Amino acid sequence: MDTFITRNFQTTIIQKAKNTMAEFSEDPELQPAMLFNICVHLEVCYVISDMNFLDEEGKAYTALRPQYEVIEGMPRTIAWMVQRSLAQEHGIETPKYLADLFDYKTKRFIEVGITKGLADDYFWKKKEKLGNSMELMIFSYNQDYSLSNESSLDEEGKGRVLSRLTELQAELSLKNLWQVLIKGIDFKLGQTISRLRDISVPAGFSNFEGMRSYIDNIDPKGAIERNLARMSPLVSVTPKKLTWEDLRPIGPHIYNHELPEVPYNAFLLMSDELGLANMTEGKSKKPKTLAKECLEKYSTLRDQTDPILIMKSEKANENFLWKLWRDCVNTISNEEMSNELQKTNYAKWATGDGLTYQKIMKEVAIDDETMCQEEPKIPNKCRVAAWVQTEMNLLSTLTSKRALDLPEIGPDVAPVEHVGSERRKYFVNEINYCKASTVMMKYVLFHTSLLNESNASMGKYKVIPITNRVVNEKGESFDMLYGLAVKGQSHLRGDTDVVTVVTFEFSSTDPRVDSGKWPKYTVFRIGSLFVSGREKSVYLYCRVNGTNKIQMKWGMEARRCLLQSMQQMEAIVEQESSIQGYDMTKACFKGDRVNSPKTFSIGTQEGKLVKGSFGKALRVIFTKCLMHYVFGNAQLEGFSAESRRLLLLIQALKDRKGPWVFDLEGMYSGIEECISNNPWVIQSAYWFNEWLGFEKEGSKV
């Protein structure tokens, strides 16, 4: 048949028929009869379309506007688009069924059909199926035709199409084909995939067919019981009832006095910070001008060119650090509007950037025997330090300066909005003036500046002031300069790529008072000042530190601590409001007629626990969140995640739920492996041990 189609039909018609069959998911090879039928229909449709054109007057003529537009043979989407456009242009109802031709002379859709039987029967069948919307014309190989309109075609066209049909029928009869003229998805597997399948079966199956049959037929009816009976008894959860005696202090090594005191490793001074204050009208100015004016106010500190070294950590060069600090001062105090360092070559070595290993191609390193992989740097095991407790005590106290300023919101028209506003007012009033809020504001501002310079500057050394905006009770606004930083180079795009930052921070705390807290800081005594008529020294803590893009990005997001500190209290307040109807915020914080103000066990002194107001608990929670941010690293995350289990076990013990632990030493070791050198983790372990002892005493009674 294929030869017949190739001989009797053009390549274009065959291609269109094959495409049409593909649209219907019918294989042309397996249904040659339908292929021939579609080819004949398409050829006759073109025959009617051809040899007809419209003149400028719109009258049919023989030749440019063809008198007919062919819709059969086009893709279903294109055919539907052209049919819809033709209907819309001429204001004709769009026929439901796809037409085969369109006549512009009458502006009517025409359907072309071919049948072996009487033309009238097929004409009536098609009219019933479609109706009178579309003009009907049906041709038959017996030289009989049925046309809805007799003026659509002239004698020549009908004669030509009938002659072509007669020739096709005669040729089919000659080849004895006219009488002869009367699956789904097959996802076959290849040779490679089948071979991989055969060798990916469990032990005991030679090929995938064996596994298929075994899973399809064999039914297990107690294989689990047989295996459990056959399995050794040495494997088991080995559970043990948990008791207060089972619980023991976590990380006893922190009480060893041979280990070094854990040092201060925060990016910026938190409780020892000193901020040079310059009162301002309130206008916002660039950090460089802020630093310049603040230093101008304190001329003695700015003009101090002679350093009095108090202590150099282990390797920090006093000359390098002091020269870098003087370069920062000169750059900030210069007339130029750029905070760029004016040396850019001394700073290459002062910051330690120039002491970087040189990369070489692999072959030399492979040949060079002396090149070896470096041993990992284990974190030192330290013991508890009192400075962490002192910082916790100090950061949760109220100060005279509030640095947290938030945008306004729309007016409140609903009671819910009013209660929310009241709770927000109480929360902010409690936490506005706490020192942790000022420290958090300083941290976020510094990190935002660091990131802005990181993306703005790549291969240069920038001076970044450590600045803050602080408003006191009277409403006066101050710009506070806490020091300066050298942000050097970067030259590295991505998430984890160190950017050297050399921080010089003002302070008023003598490093000799607590020597073990500052083994990383090179501090000079740069001057003195009279805060309230009393002389007080001013040291300059200098340190070299590293940071990444993610670190600065999350430093900008240290304000969410505020949210974390409110959610908690909200819930607490909410719970009280559940106990008794009326709003409990005022009663919880200050007390009312029928409720004493709420109090929480905050700490202890001389071995006796101490209670504090709800506001003190708020400040403590906020400080805890801020310290979680500041001392956040892998160690803190691991310690918190692993100690949550112990906290939940202790809670179950308190409620007399009879907790059971399948193994306790494993949990304890997992918790303790994260207590290496993070000050917050060690202090939290100490606090956990103290609270666990208190809970044991309370349980005894």
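Position 1 is the first residue in the sequence shown; the rest follow in order. Whichever C-alpha set is largest while still superposing within 1.5 Å between the two forms counts as the rigid core.
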Comparing 320-328 with 563-571, larger root-mean-square C-alpha distance from this form in 5 other deposited structures of this protein, core superposed, belongs to 563-571
In 5 other deposited structures of this protein, with the rigid core superposed, the stretch whose C-alphas stray more from the shown form, 619-627 or 335-343, is 335-343
Report, as yes or no, whether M667 is left without coordinates in at least one third of the other compared entries.
no
Of the other PDB entries compared that resolve residues on either side of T62, does at least a third omit it?
yes
What lies unmodelled of the deposited sequence between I182 and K183 amounts to 4 to 9
Per the record, the count of deposited residues between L30 and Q31 that have no coordinates is none
